[PDB]
Amino acid sequence: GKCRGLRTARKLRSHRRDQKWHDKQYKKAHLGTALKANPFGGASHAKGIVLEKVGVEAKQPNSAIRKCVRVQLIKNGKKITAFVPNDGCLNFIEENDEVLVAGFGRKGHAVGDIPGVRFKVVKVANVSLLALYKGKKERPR
Amino acid sequence: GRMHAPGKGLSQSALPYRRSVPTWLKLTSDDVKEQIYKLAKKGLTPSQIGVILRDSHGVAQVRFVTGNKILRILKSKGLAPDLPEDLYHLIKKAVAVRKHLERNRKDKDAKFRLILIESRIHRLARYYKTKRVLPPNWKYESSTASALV
Amino acid sequence: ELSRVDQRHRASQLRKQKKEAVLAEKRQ
Amino acid sequence: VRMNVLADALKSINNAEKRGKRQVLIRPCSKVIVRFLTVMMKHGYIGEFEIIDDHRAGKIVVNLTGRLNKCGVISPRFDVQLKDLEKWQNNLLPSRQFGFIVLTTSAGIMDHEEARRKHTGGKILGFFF
RNA sequence: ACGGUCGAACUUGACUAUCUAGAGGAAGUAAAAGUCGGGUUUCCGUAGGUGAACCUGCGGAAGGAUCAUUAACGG
RNA sequence: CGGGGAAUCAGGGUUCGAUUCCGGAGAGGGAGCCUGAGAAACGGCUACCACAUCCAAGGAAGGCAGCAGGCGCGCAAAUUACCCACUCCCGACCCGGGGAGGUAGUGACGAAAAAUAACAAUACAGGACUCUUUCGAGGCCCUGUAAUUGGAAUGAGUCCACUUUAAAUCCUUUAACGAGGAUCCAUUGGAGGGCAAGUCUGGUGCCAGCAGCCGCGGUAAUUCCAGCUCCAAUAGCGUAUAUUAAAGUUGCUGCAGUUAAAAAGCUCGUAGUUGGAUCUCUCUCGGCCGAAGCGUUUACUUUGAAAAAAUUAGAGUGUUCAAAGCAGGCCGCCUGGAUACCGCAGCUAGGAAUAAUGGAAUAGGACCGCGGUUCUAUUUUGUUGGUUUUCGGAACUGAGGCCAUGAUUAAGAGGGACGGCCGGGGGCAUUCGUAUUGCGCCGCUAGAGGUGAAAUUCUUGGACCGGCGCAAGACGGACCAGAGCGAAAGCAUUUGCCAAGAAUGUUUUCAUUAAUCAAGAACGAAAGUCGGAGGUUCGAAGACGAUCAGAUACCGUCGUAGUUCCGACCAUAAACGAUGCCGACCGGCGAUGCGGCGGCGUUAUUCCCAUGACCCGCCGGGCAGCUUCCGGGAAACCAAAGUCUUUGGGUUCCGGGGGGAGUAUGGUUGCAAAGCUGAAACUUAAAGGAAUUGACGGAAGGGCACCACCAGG
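Residue numbers (the deposited numbering), protein chains in the order written: chain X, 2 to 142; chain N, 2 to 150; chain u, 47 to 74; chain W, 2 to 130.
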């Protein structure tokens with residue numbers, strides 16, 4: 002049982018911080034290795050250069066080829082696979098162009114069918130995928 | 002609950018509610034004190050003096066008859082020894098276990114109980130150092146142990 | 047990275063490299 | 002070992018209140034225990050009692066009515082200022098209409114409403130309802 | 001100009017830490033349909049058996065499905 | 001960088017604070033200085049280092065983390081504009097100057113207000129009031145479709161002017177123009193569930209795609225792509241990320257640890273934390289009062305004064321309302337510009353419960369007086385030089401009186417005595433028992449061994465069997481139990497020694513000495529490792545024999561280390577009650593082990609007395625059990641796993657979805673094996689726990705049938 006005395010504030014705060022280190026979110030936030038392993042470097046978005054297009058197979062009960070691209074981030078050079086969302090949207094991307102990439106949703110976790118993909122593309126050649134898909138703007142090269 | 006045992010005994014004395022000297026005890030406080038003096042001259046602990054007075058002379062409680070307890074009467078007269086009774090017996094027990102362990106080398110039970118008796122000695126000496134009955138530099142040593150007894 | 051002076055030295059090195067590349071591409 | 006003899010007393014009183022007994026024997030006794038039971042008596046909660054004097058710490062025989070729901074000690078005796086008494090009587094008491102934080106102050110042992118009247122603070126001992 | 005002082009910075013070794021070029025080494029991946037083709041109840045610790053698995057030795061657990069019998073005991 | 005503060009929030013809390021107010025720091029990096037009231041100043045100087053500018057090649061000049069601007073960097077951020085009019089600052093100064101600051105520009109960071117219609121008549125449509133048996137009949141409102149009409153009312157815009165201002169812009173005030181739906185046209189996300197809103201129509205056909213999560217799509221898709229329609233918020237609405245609440249999933253309030261994640265093998269022990277009853281204001285100086293001590297000291301509580309402004313709360317006040325602001329109101333006056341909060345520490349003055357602590361026990365203890373020794377009185381010896389003025393004050397002391405002279409009690413706290421016992425508790429020595437194995441001799445025979453079958457093996461140089469002995473090493477059965485002892489691991493042949501130990505008994509003694517424990521220590525099955533000794537049995541490795549489409553484990557014979565001892569290491573177990581320790585309370589019962597008490601009887605061949613063995617009851621600590629709707633719990637179950645949202649007795653270790661993994665790496669310990677401490681990247685939507693039904697059983701028993709069989713045609 003818990004110590005409950007009047008002069009036990011040191012034991013209580015010491016025990017709380019040691020046992021705080023056993024939480025998954027607390028350790029991911031405060032130990033410093035998750036921020037050094039994060040490709041985005043703790044940023045909401047990052048810009049990169051497309052290296053390859055790649056077709057990634059959906060996890061077992063779904064059967065599809067999810068269209069992704071392999072990008073290399075500008076600021077650190079780390080390599081990323083990023084999903085291109087809507088249908089036909091892969092045809093807007095060519096090789097070696099700037100791509101703005103955001104998170105997919107689950108803060109570093111794979112989302113849905115796509116295995117190992119944490120990222121989705123947001124912009125190509127500084128026009129959004131949404132305006133390109135709905136035909137609101139055109140991309141230069 | 003014992004301090005170093007898993008047992009929980011209830012064996013102990015129960016004083017009566019009557020704190021008065023009984024009528025049939027025809028002893029003054031002076032004669033009881035003098036009896037304590039001669040028993041100390043024979044050479045005994047205060048516990049033994051209390052037992053001898055209880056068994057043979059009808060003195061149910063010395064501090065109800067004289068108004069003081071036995072070791073205080075001894076200390077005021079000057080017949081109390083320098084180290085206390087319980088501590089002296091603890092040291093004597095530890096000395097006996099030490100002698101037995103110098104005899105027998107493979108006895109681990111004796112080594113365990115020896116550790117327990119040393120711990121009792123240290124706790125009692127710590128208490129008597131606080132109360133200034135022992136000198137502050139008093140210490141129990143493994144080697145100079147039988148010199149005290 | 048460790049050792050704050052070392053990671054600041056690493057950053058200064060990388061700044062020098064990239065800035066040398068920029069000064070290369072701007073003379074042409 | 003035994004610490005907090007008030008805790009022992011209040012626990013034995015509660016455990017006989019749940020079983021619905023008519024009298025409780027609490028041993029050992031204290032001045033703090035006697036002042037607590039007096040406060041519980043003056044609101045009609047505990048009922049009239051006896052102190053048995055053995056020449057050691059006494060015993061108390063408490064006659065019980067079926068009125069006490071919970072009798073409790075708060076340990077340690079936290080320092081309760083008058084500005085933080087409201088949070089205490091929100092945490093411990095079931096209603097704003099009844100129930101009592103017993104606290105000891107330099108005016109004596111009282112309940113919280115008397116401490117509001119006498120304008121003092123003290124250390125928390127318990128609560129009963 | 002002598003001397004002192006404060007003292008940037010330099011040179012030389014050690015201890016480092018980083019950045020950046022690299023002959024070669026050892027891999028996988030995609031392209032070659034090319035060539036050849038029965039047993040265990042469930043465990044634990046330790047040791048051996050080619051690393052582990054698994055099996056055996058030794059000591060432990062149940063976290064493994066109690067039927068039947070039981071009054072005399074004296075001469 | 002720190003504070004003021006900010007976001008969130010029941011209460012407790014978590015997180016942020018580069019950033020305009022206060023403080024510090026620095027001008028590319030160091031270092032040194034001049035001047036001066038003030039600088040280690042950089043819109044000063046001197047070097048070095050790193051950059052870099054102009055050169056006629058000798059030399060010369062540098063410092064935007066000021067305002068604007070540029071490059072670079074990136075997910076991420078404005079004009080190379082106007083003015084000293086305001087606020088203020090400097091100077092010799094009513095006058096000069098100010099990228100301070102003010103003003104516009106950019107500006108969906110964010111906050112406030114607020115359009116995109118309103119109305120009437122007609123045509124259908126409901127719901128009401130009156131009259132009617134009802135149908136119905138009306139004058140009462142309401143509603144949209146209006147692929148119906150109609151004029152009224154407005155700003156958005158275009159635009160004179162005034163106003164504003166340093167000059168302007170904007171707002172406000174105002175002329176002229178400005179509205180019928182093909183305009184002056186609202187978006188962004190959704191429509192299976194969570195979660196409001198379609199099982200509509202076409203396309204697609206596990207593709208393309210969707211889908212935070214569960215999932216949808218493989219030819220009837222409520223989920224994709226579309227069309228229509230509906231839903232939500234709305235001048236905004238989606239997404240990514242950090243962070244807060246949800247999270248009682250970090251738990252002080254307030255979690256958990258038998259079986260789900262989880263209590264250390266055991267005990268000792270220091271720090272730390274916690275700790276049982278007990279005790280109801282006055283002598284001197286000054287005017288009944290002020291000064292002087294207070295009172296052992298605090299902790300606690302209440303008061304007071306101090307605690308920047310802005311912020312926050314909040315008073316007043318029609319900024320056209322509001323967010324704001326600090327103003328305003330009345331016919332020269334009247335007023336405002338409050339107040340609270342402001343941890344902790346520190347000053348202050350009351351309270352005295354709670355909690356620490358002290359006050360006399362070798363009495364060199366108080367309070368009075370009677371005295372001594374030494375050091376001192378700053379005035380009374382008119383003016384004096386004085387040996388002495390006296391008086392009075394401080395420190396060491398001799399007896400005396402006086403105090404009711406002075407020691408809370410003896411914890412169903414603990415230690416220590418003492419008493420008679422008790423036990424597979426431990427150590428050393430000693431005694432015995434069989435059996436096994438080997439050896440000797442004797443008897444009789446050809447088999448014996450092993451298996452599901454065999455085979456390997458032994459064996460007429462005589463096995464196996466039977467007898468008499470001898471030795472070696474092991475092991476202490478049955479008696480042996482839910483019996484005992486120990487801290488746990490553990491512990492069973494006799495006898496003797498050795499030292500311990502629980503319980504019980506006690507009108508014994510001490511008097512709080514205690515509980516739980518970081519650190520540190522002792523012991524710790526089996527296996528294993530170093531040295532010596534020994535080897536009977538068994539036996540990992542290993543050898544054979546058997547066994548098969550593919551057998552390399554099972555099985556049998558043999559057998560090494562080991563198994564045994566002595567001295568060292570090792571420190572692990574399903575080291576289990578898968579259940580910390582100490583204290584308290586909450587139902588019952590009779591068996592048992594030890595100790596004690598009370599009592600008829602039977603027994604020691606009727607015992608002569610106590611004593612043992614039994615019998616009946618009580619008490620205390622034990623090992624367990626049964627019974628119970630105590631109350632708990634996911635339940636199974638549990639008198640603890642209870643006394644828990646009516647949540648606080650003290651304290652120790654320890655868990656936080658499954659894996660990666662008790663893995664890597666470092667440290668430490670060990671001869672080694674390994675032990676202790678112990679990650680992350682990554683991966684995943686469930687792993688797990690307690691119950692509940694009974695498909696199918698290659699599970700078992702039965703019954704029936706010439707569309708089953710038997711004997712036949």
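Think of the CB as a built atom: it goes at the ideal place given N, C-alpha and C, for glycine as much as any other residue.
Please determine if the region 63-81 of chain N and the region 114-123 of chain N are in contact, where contact requires at least 3 C-beta pairs separated by less than 8 Å. no
Are the C-beta atoms of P77(W) and some chain X residue less than 7 Å apart? yes
Can you name the start and end residues of the alpha helix (DSSP H) that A8(W) belongs to? Taken as a continuous stretch (DSSP letters only), the alpha helix (DSSP H) holding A8(W) covers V6 to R20.
Say whether chain W places a C-beta atom closer than 7 Å to the C-beta of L101(X). no
Indicate whether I94(X) and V55(X) have their beta-carbon atoms separated by less than 7 Å. no
Let me check understanding here. Comparing Cα to Cα, which of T105(W), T39(W) and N91(W) lies closest to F99(W)? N91(W)
Please report the straight-line C-alpha distance between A83(X) and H110(X), rounded to a whole angstrom. 13 Å
Any 3 or more C-beta pairs closer than 8 Å across the region 75-84 of chain W and the region 55-67 of chain W: The region 55-67 of chain W and the region 75-84 of chain W do not touch, with fewer than three beta-carbon pairs separated by less than 8 Å.
How is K79(X) classed by DSSP in three states: helix, strand or coil? coil
Straight-line Cα distance separating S107(W) from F129(W): 21 Å
Tell me which residue opens and which closes the beta strand (DSSP E) that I110(W) is part of. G109 to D112
Counting contacts by CB-CB distance shorter than 7 Å, is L7(X) in contact with chain W? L7(X) belongs to the set of residues whose beta carbon lies under 7 Å from a beta carbon in chain W.
For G33(X) and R5(X), the rounded distance between their alpha carbons: 34 Å
Determine the extent of the beta strand (DSSP E) in which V74(W) is found, giving its start and end residues. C72 to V74
If I measure Cβ to Cβ from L102(N) and keep anything under 8 Å in the same chain, skipping five residues before and after, which residues do I get? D108, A111, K112 and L115
Alpha carbon to alpha carbon, how far is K79(X) from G89(X)? Give it in angstroms, no decimals. 27 Å
Per-residue burial, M4(W) [other beta carbons within 10 Å of its own, 16 or more giving buried]: exposed
Assuming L69(W) contacts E18(W) (C-beta within less than 8 Å), just tell me the rounded distance between them. The beta carbons of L69(W) and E18(W) sit about 5 Å from each other, so the pair counts as a contact at 8 Å.
Starting from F113(N) and walking both ways along the alpha helix (DSSP H), at which residues does that stretch end? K109 to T131
Apply the 10 Å Cβ neighbour rule to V2(W) and answer buried if 16 or more other Cβ atoms are within range, or exposed otherwise. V2(W) is exposed by the Cβ-count criterion.
Among all the DSSP beta bridges, which residues are the ones paired with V57(X)? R67(X)
Residues in the same chain with beta-carbon distance under 6 Å from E51(W), minus the five sequence neighbours each way, listed in chain order, please. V62
Which residue comes first and which comes last in the beta strand (DSSP E) that contains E99(X)? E99 to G104 is the extent of the beta strand (DSSP E) around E99(X).
Taking the alpha-carbon of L80(N) as reference, which of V134(N), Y129(N), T46(N) and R20(N) has the nearest alpha-carbon? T46(N)
Identify the continuous alpha helix (DSSP H) that holds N92(W) and give its terminal residues. Here the alpha helix (DSSP H) through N92(W) covers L86 to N92.
Can you tell me which residues form a DSSP beta bridge with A47(X)? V102(X)
Have a look at the DSSP bridge pairing and note the partners of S129(X). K124(X)
Closer than 6 Å: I118(N) CB and nearest the ligand HEM heavy atom: Judged by which ligands are present, the structure shown has none, so any question about the ligand HEM falls away.
Let me confirm a value: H23(X) is counted as buried when at least 16 other C-beta atoms fall within 10 Å, else exposed. Which label applies? Answer is exposed; the Cβ neighbour count stays below 16.
Quick one: is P85(N) buried, meaning 16 or more other Cβ sit within 10 Å of its Cβ, or exposed? By the neighbour-count definition (other C-beta atoms within 10 Å, threshold 16), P85(N) is a buried residue.
Going by C-alpha to C-alpha distance, which of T39(W), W89(W) and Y46(W) sits closest to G109(W)? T39(W)
When you compare the CB positions of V25(W) and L7(W), do they come within less than 7 Å of one another, or not? No, Cβ-Cβ distance for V25(W) and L7(W) is not below 7 Å.
Would a C-beta distance cut-off of 7 Å place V96(N) and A41(N) closer than the cut-off? no
Kindly identify the DSSP beta-bridge partner or partners of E51(W). Note: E51(W) is bridge-paired with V62(W) in the DSSP secondary-structure output.
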